[PDB]
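Quick notes on the structure that follows.
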Ligand SMILES: O=c1ccn([C@@H]2O[C@H](COP(=O)(O)OP(=O)(O)O)[C@@H](O)[C@H]2O)c(=O)[nH]1
Ligand SMILES: O=c1ccn([C@@H]2O[C@H](COP(=O)(O)OP(=O)(O)O)[C@@H](O)[C@H]2O)c(=O)[nH]1
Ligand SMILES: [Mg+2]
Ligand SMILES: [Mg+2]
Ligand SMILES: [Mg+2]
Ligand SMILES: [Mg+2]
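Residue numbers (the entry's author numbering), protein chains in the order written: chain A, 410 to 697, 705 to 893, 910 to 966, 1026 to 1074, 1087 to 1130; chain B, 410 to 697, 705 to 893, 910 to 966, 1026 to 1074, 1087 to 1130.
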């Protein structure tokens, strides 16, 4: 029809939560009978190329075609596309890649020219393009995208929003939620990220979850894309992230969704029951000097999670639906990789502290007593993992040093200068990582970071060689304990991956992750903390921000060293001991005890998350069997 | 006359070294017979209050009145003021304090209104006000300045330049030298700083030096002002800088001016024979990626020094005239104090490296062989002091630790937990100083720096207490050596100060300096190095700058630790030793040997500079006796 034959345009000019009273309308509401939309898809693209958006949008229409092809369903059928809308928010006309605009206009999504920057002495906060397309893309080559319109293609109700300035994504989502979502009032709103291709039936699988009324938030698995013929896995930096994604989705998502709280809905792919997130959630998500109030913006997405679980007089829960997945890409060079993880570490850490500091809010929600108890246990366990990850640094170095010294002492042959050399390499690498993080930037000095990761890698190889060497000699003759613990944790990893029915990561892309683990402990952490926050009031916030940043780093480093001093007897406590007896030995029983403790704890964590995986999978199997 | 009755104004609009061909003139050249100026005084003021400029300007006219009152002189007499000009360059109309403009216009130096920002579509690089005043100020109260015009006041040929923008002072001096000084061609140009009051006869004393033709550069003493009734000395931060100024001027100026090269002409008060500095000196001073070429701007003033000594086929020398002094003020709070010394440490360090790297240029100058040899020895000695100051940090901590441990070991009573506590305080203070320097700013966290200086102070008190305690017990029963060395260095300091005939600093303001010395080693250094330097080409320089900054800090810290490890046997070398014998002791003979070495060297340095002071004073006395 005409709306499918022409693309309407409009100029928004008001604060996002004002659209309703501002008398701004949309086509969905202007039909003779209003179209009751069931679902909204939000795509955020910043400067993405046409190919990336093409991947994501192909996933979109493939899903919608599948839903329209469904026969036995009350919600869907031949006209199912009517209840669907895809909102594409882009940030800033200047930064958006016209290379992508070519594809958009190729769809009839966009036409240029009718965009006066301001009207009636009033600038247009953002531009909006309204259309429902009938053409669909069928193939995406490495540089070419195939657009075809046949009797098999299906309609899509697009809605292209374009802001005109740099707004940190916290703004984009505002327009999505407090703006359009207030007008259309969809039941379900799903967030993607440009360049993330949903699975061909991922969307429907995820949607099926919201049959259960209590469900308020859900997500799916996230898979690193491997391109043509897995050609990317040969790189050790893409492969390592693949493995990490896969273990995270297998273990932590299932274990947490057992209880009901899922820590971070992947912003790559997530979905929210609109009614549940209305009111308090968006308010604390958008509007927040005191610590929590002025810092929570670094835990942007994960806050919503918390509050939706803890909503007063309300019993919303969160679920991880294993049957839906989205395939995305990961950085290839170390610099931008570090500039990525510097965001997740802080986000998770601040959400962790904030949640645990406000756990008592859970009991004042509407959940049942048993569910409330389970949530409390989950929060305590989660806080426990934050505590362990905070003592990552000292734990790693201490394990390293104790193992190295013990082997050289035990055999005296040549592991000796190896002990000293490796200690010095550790010191230089850690110190240099500090100063480069604090003063410099990652992208300026790529070559050194590449060297840093390599040095830590060979350190891990050496550690492993010593570990196996002592194990072998001892068995030929705590180390029986270490071989037990490591064999156990590896076996548990394997059996869990098999149960989940994706074991092809346990052997393909495992060694890369093991060799990168030191870089995940001593580089990502250091750079993460060193860039916490990245006269007039502005400088006053800046002074406060610097205060917090340079206070957290001090506490972190000092406390880790406290542990190192207590165990290794560094910091002159050992001297104080010897001279107290006067009124120093090499290593004490403390080293053996602590060394056992760290591996004991690691095996404990693996076992618990394994149980979580088993329970979640079993429950899904039983409900499927009954269904 | 009319020029004394009216103030002429003009709008400069050309690069500073273009004034001559640009057909821009000055009154001094427009008289029926050109006035052969003998001397130019340059005053730079940035945002100084009227009082500070009043102090400096009072010093100025008092000196000129004294010269005009001279009777037996070929150069001066009743009309001596004719050969004098005072150029007052201020930077930026926006930043200059109108509170000072009130005084300036009170003198008829400035009138507002005739200052079109641009003319003929050409902006005025800077504005210039020409006048010769007859009134003089007679008194400067704490808030009021007394301007009187009587038969005793004397004419002053002022010349008020005003730029319109932030230009780092390297620009101001350009206009002084390559601009006006090229027109007037004075014999002698003297640089002050606003707020620095020359001594009532300091200028004439300094001028008398340029009787000797070879002299190219000279300066005088710099005295911290003490205000009314020395009321400032009670503060321990003004007092400490007073003492440091006084020792520096007594020892280093005299010793260096013995040879001929004076490292840094105090920009507060200095004087240059114009002819000598023409050509190469200004060129390398103004116009300079490779290290030296792109970094020398941090040694701005001291470069000229070097080149003027090393000018090819020319035998210019530098002299320190003790008979001339200038009294200035010093910062009172720790923040701006640190932001001051962060400039001198880098300036001296870069000039030191640059000079010593180019010492071979001296022999290709015009000096005699004996003078060339003396200059070479002076350069080597100076480079030696840079080397010692670079190992300041490890030397201080190592002395501290060795002394503390030895005393607690020797007596076991309670110095024990004192050893551990103080070690921990040192670690925390140093680490925190690093991170606050690198990430934060001084002014943001004043309170912590005040705490830092205090903690280091009590550490020094403790060190001293242990030192005297061991000395006392040993004498009742290397430490005989330490008491010898410290008694020697203190005695040499005293005798030198007496010889110079200003001993009233040795007892008034000594304890403050001693207690602040740790802050001079572990805080000023750290912050100095951590702020070395403070797509498009601009970001490319920035990347290079960050590279150099974060490389120098690494080398400094690593090398200092190399020394600490070798001496104290830290870094596991001690472990390697014990386990080598296997195939650790507390302290070795290394500690005693090095401990003796540091004090031995300190006594050596004091003795040498003492000899320098004695020779300079003796030579001045003998020449005065003959004169
Ligand atoms: O100004 C911004 C910042 C972020 N993003 C979104 O966040 C991504 C950049 O972050 P990245 O993909 O590396 O990981 P994320 O930070 O989302 O975890 C972009 O591709 C967008 O999906 C955006 O669109 N605009
Ligand atoms: O933009 C500037 C920078 C510096 N100065 C001069 O340098 C002083 C500031 O430095 P300070 O006096 O603290 O010591 P200096 O840096 O000269 O050693 C000012 O008072 C001026 O004399 C100036 O006039 N303008
Ligand atoms: Mg991405
Ligand atoms: Mg990315
Ligand atoms: Mg000053
Ligand atoms: Mg100053």
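Where is the CB? At the ideal position from N, CA and C, for every residue including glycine.
Coarse secondary structure for residue i, derived from DSSP in three states
i                      : result
residue 940 (chain B)  : coil
residue 782 (chain A)  : coil
residue 671 (chain A)  : coil
residue 1091 (chain A) : coil
residue 741 (chain A)  : strand
residue 536 (chain A)  : strand
residue 554 (chain A)  : strand
residue 952 (chain B)  : helix
residue 417 (chain A)  : strand
residue 728 (chain B)  : strand
residue 889 (chain B)  : helix
residue 934 (chain A)  : coil
residue 518 (chain B)  : coil
residue 478 (chain B)  : coil
residue 736 (chain A)  : strand
Under 8 Å by beta carbon: chain A residues contacting residue i
i                      : result
residue 1067 (chain B) : 832, 833, 835 and 836
residue 750 (chain B)  : Chain A residues near residue 750 (chain B): none, gap ~17 Å exceeds 8 Å.
residue 851 (chain B)  : 854, 1041, 1044 and 1045
residue 1073 (chain B) : 825 and 828
residue 1037 (chain B) : 855, 856, 857 and 860
Any non-hydrogen atom of ligand 2 closer than 8 Å to residue i Cβ
i                     : result
residue 747 (chain B) : yes
residue 629 (chain B) : no
residue 677 (chain B) : yes
residue 770 (chain B) : no
residue 454 (chain B) : yes
Cross-chain neighbours of residue i in chain B, by beta carbon under 8 Å
i                     : result
residue 847 (chain A) : 1045, 1048 and 1049
Residue i Cβ short of 8 Å to ligand 6 heavy atom set
i                     : result
residue 419 (chain B) : no
residue 574 (chain A) : no
Residues that residue i contacts on chain B, provided the C-beta gap is smaller than 9 Å
i                      : result
residue 1070 (chain A) : 821, 824, 825, 828, 832, 835 and 1089
residue 1062 (chain A) : 836, 839, 840 and 843
Ligand 5 heavy atom lying under 8 Å from the CB of residue i
i                     : result
residue 605 (chain B) : yes
residue 913 (chain B) : no
residue 910 (chain B) : no
residue 602 (chain B) : yes
residue 744 (chain B) : yes
Proximal chain A residues relative to residue i, where beta-carbon distance stays under 7 Å
i                      : result
residue 1040 (chain B) : 855
Residue i beta carbon near ligand 1 (any heavy atom closer than 8 Å)
i                     : result
residue 651 (chain A) : no
residue 468 (chain A) : no
Contact test: residue i Cβ vs ligand 4 heavy atom, cutoff 8 Å
i                     : result
residue 447 (chain A) : no
residue 424 (chain B) : no
residue 752 (chain A) : yes
Neighbour list for residue i in chain B, Cβ cutoff strictly below 7 Å
i                      : result
residue 1034 (chain A) : 860
Distance cut-off 8 Å: residue i Cβ against heavy atoms of ligand 3
i                     : result
residue 465 (chain A) : no
For a minimum of 3 consecutive residues, which ranges assigned as the beta strand (DSSP E) are wholly contained in the stretch 419 to 460 of chain B? 448 to 454
_As an exercise, report each continuous beta strand (DSSP E) stretch of at least 3 residues that is fully enclosed by the stretch 824 to 855 of chain A, in chain order._
none
Taking only runs of the alpha helix (DSSP H) that begin and end inside the stretch 491 to 515 of chain B, which ones reach a length of at least 4 residues, in chain order? 507 to 515
- Continuous beta strand (DSSP E) assignments of at least 3 residues falling wholly in the stretch 562 to 626 of chain A: 565 to 572 and 597 to 601
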